[PDB]
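Accompanying notes for the structure given below.
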Amino acid sequence: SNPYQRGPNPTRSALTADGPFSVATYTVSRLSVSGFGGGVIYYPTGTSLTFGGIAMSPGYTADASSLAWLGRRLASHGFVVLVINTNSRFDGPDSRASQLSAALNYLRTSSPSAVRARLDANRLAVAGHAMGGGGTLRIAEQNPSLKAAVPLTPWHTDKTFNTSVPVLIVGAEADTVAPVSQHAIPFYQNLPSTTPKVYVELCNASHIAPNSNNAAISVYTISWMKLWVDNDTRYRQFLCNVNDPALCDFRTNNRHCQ
C-alpha cells in the first residue's frame with residue numbers, strides 16, 4: 192500500500208477545479224528570507240496529513256500573483272506550494288534556478304510551523320513559468336533528488352539540460368515570447384532519452400496561458416506531480432494514451448506509463 196496517496200480516486204473533471212483540501216496561505220516577506228524574494232505559500236489546512244512540496248517561479252517582470260491560481264490549485268489537491276517572488280523582477284532563468292533552490296531549502300528548514308507540519312521534506316518538486324520554467328530546467332539539472340519538474344511555456348537561451356528528473360513541458364502553440372520551435376520543443380528533444388518526459392502543446396494558446404485558470408495546465412501539472420511526488424499511479428490515466436482537444440501536440444517516451 193502507498194503511504195503517500197491522498198484524496199479520492201481522480202476524475203478528469205475534478206482536476207479542472209480546486210481539489211478536496213482546504214487551502215491556507217502564508218505571505219513570506221522579501222526581507223524575511225535570504226536567497227529569494229519571499230512569495231506566498233499555499234498549503235493544506237484542516238488536515239493532519241503530510242504532503243510533498245513544490246517551489247514555483249514566475250517569469251520575467253512577473254510576480255507570484257501571476258501563478259496564484261496554480262499555487263492554490265495544486266495545494267488544494269494535496270501539496271505544499273511556495274510561489275516565489277524573485278530578488279529582482281528582472282532576474283534571468285539561471286538566477287531563478289538559484290532562487291528556487293533557496294526556496295526549497297527554506298521550505299525544508301525554516302518555513303512556518305504550520306507549513307512544516309504539512310510538509311514531507313523528503314518529497315520535493317519544481318515548476319515555473321517562462322524564465323521561471325528555464326529556471327526549473329536548470330535546477331532539475333542541479334538537483335537530481337527532485338521528484339519532478341514542470342516547465343510552463345519555458346524560456347532559456349541554453350537548450351540542453353542534463354537532468355534525470357521527470358519533466359513535463361507545457362508549450363503554447365502561438366507563444367511569441369518563448370516560441371515553442373526555439374524553446375519548449377528543443378528542451379524536450381534535448382533532454383536525455385532515458386529521462387521520463389512529456390511535451391504537451393496547448394492549441395492556439397499564448398505565452399500567458401499559465402497565468403490564469405487553465406484546465407489543461409491544471410490536469411497535466413496535478414497529474415505529473417501526483418505520479419512522481421506521491422508515487423500515485425492513479426494519475427497515470429491522465430498522462431498515458433491521451434487524446435485531449437485542448438492539445439495540438441502530445442509527445443512522450445512513455446517511461447511513466449508502467
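According to our numbering, the residues represented by the sequence shown are 192 to 449, in order.
Cβ atoms here follow ideal geometry from the backbone N, Cα and C, with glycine treated the same way.
Determine whether the beta carbon atoms of residue i and residue j lie at a separation below 8 Å.
i, j, result
"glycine 226", "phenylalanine 270", "no"
"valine 341", "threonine 327", "yes"
"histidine 320", "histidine 347", "no"
"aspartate 311", "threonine 207", "no"
"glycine 229", "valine 214", "no"
"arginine 309", "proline 387", "no"
"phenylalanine 281", "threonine 252", "yes"
"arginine 221", "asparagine 296", "no"
"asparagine 395", "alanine 365", "yes"
"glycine 324", "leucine 337", "no"
"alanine 259", "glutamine 333", "no"
"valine 389", "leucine 430", "yes"
"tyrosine 234", "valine 306", "yes"
"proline 303", "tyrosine 217", "yes"
Would you verify that the beta carbon of residue i is, or is not, closer than 8 Å to some beta carbon of chain B?
i, result
"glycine 283", "In the structure shown, chain B cannot be found, because there is only a single protein chain."
Since residue i contacts residue j with CB under 8 Å, what's their CB separation in whole angstroms?
i, j, result
"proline 377", "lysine 350", "4 Å"
"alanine 246", "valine 317", "5 Å"
"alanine 266", "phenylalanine 352", "Not confirmed; about 27 Å, so no contact."
"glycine 262", "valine 231", "6 Å"
"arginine 264", "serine 409", "6 Å"
"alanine 331", "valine 358", "7 Å"
So for residue i, helix, strand or coil by DSSP?
i, result
"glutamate 392", "strand"
"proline 401", "helix"
"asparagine 313", "strand"
"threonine 300", "helix"
"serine 248", "strand"
"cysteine 431", "coil"
"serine 223", "helix"
"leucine 438", "strand"
"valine 358", "strand"
"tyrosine 195", "coil"
"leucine 206", "helix"
"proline 211", "coil"
"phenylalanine 270", "coil"
For residue i, which residues in the same chain have their Cβ closer than 6 Å to its Cβ, ignoring the five residues on either side in sequence?
i, result
"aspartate 423", "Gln196 and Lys417"
"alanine 400", "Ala363 and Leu393"
"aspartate 285", "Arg329"
"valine 433", "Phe441"
"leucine 273", "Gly230, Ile232, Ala246, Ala294 and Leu298"
"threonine 236", "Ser213 and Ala215"
"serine 248", "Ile275, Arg287, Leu291, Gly319, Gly323 and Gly326"
"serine 414", "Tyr426, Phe429 and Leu430"
"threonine 443", "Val389"
With distances taken Cα to Cα, identify the nearest neighbour of residue i among the options.
i, options, result
"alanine 407", "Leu258, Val391, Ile399 and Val356", "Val391"
"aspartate 421", "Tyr379, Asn434 and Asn313", "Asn313"
"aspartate 435", "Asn193, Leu298, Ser204 and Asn200", "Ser204"
"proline 335", "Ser414, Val356 and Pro303", "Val356"
"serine 279", "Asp254, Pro303 and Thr300", "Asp254"
"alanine 437", "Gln449, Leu315, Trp419 and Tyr411", "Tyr411"
Less than 8 Å between C-beta atoms, sequence neighbours within five positions excluded: which residues of the same chain meet that for residue i?
i, result
"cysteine 439", "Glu364, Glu392, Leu393, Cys394 and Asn395"
For residue i, is the beta carbon positioned less than 7 Å from some heavy atom of the ligand ADP?
i, result
"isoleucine 376", "No copy of the ligand ADP appears in this structure; indeed no ligand is present at all."
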